[PDB]
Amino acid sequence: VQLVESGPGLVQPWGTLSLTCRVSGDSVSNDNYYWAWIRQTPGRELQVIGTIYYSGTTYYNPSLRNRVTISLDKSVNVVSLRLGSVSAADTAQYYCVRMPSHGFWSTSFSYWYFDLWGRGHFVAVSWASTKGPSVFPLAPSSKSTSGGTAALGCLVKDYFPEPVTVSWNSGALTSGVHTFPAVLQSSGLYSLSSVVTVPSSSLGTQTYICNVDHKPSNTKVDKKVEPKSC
């Protein structure tokens, strides 16, 4: 059973924001399960936006009830969430969730718990428009070397909205990688760095490419990082 959420990265204020969750294990009309939408705001607070059932019945959190709708699309096995009149305070990670419906004679009747969660999908709500990042190499030198290992990276600067995804050598290099959280610059754009430590002996034989992705602006960038020889 797999739960893949998807939707837009950035939504304009006063717009309506729609997300879809593809359920890859069993049918949403299984009627042993309810399905639900739960969101986490920046600041770690967990809010349960809504609950839905194969029969059509929905529950909506009162503070949102005036402007939210959940529905099932049985033919493709997806569950949809629409949230209208959206403001800055709706910027959040949106999780799709499954909830056992225990029947009257079940040992665990009236016990309501969220037993399976999707990976989430982040949605920023802002008047500001999308803007892709610039990628600059952080080349190794004698000054970014400590002992037998050298450090290198690439700076992903000036982008909006979050997030950016960074990989090294197309996923084959995943040992000692540190891609930092973003920081909000004065300009109102985001920037981070991604750095890896490798054995210094491996420069001049192994190529190191960093692969940046920014789906809100359809940005893909491959930057090659060459040793400097200080």
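For every residue, the number given is its place in the sequence shown, counted from 1.
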Assert higher mean C-alpha B factor (47-55 or 26-34, deposited values) equals 26-34
Looking only at C-alpha temperature factors in the entry, 38-46 or 161-169, the higher average sits in 161-169
Looking only at 193, 186, 61, 197, the Cα with the top B-factor belongs to 186
Per the deposited B-factor column, the C-alpha that peaks among 144, 126, 93, 107 belongs to 107
Sorting the chain's modelled residues by C-alpha B-factor and splitting them into thirds places residue 153 in the lowest
Tertile call for residue 78 (CA temperature factor, within chain, third-based) is the highest
The third of the chain into which the C-alpha temperature factor of residue 98 falls is the lowest
Entry-reported C-alpha B-factor of residue 21 relative to its chain, by third, is middle
Assert third(CA B-factor, residue 121) within chain per record equals lowest
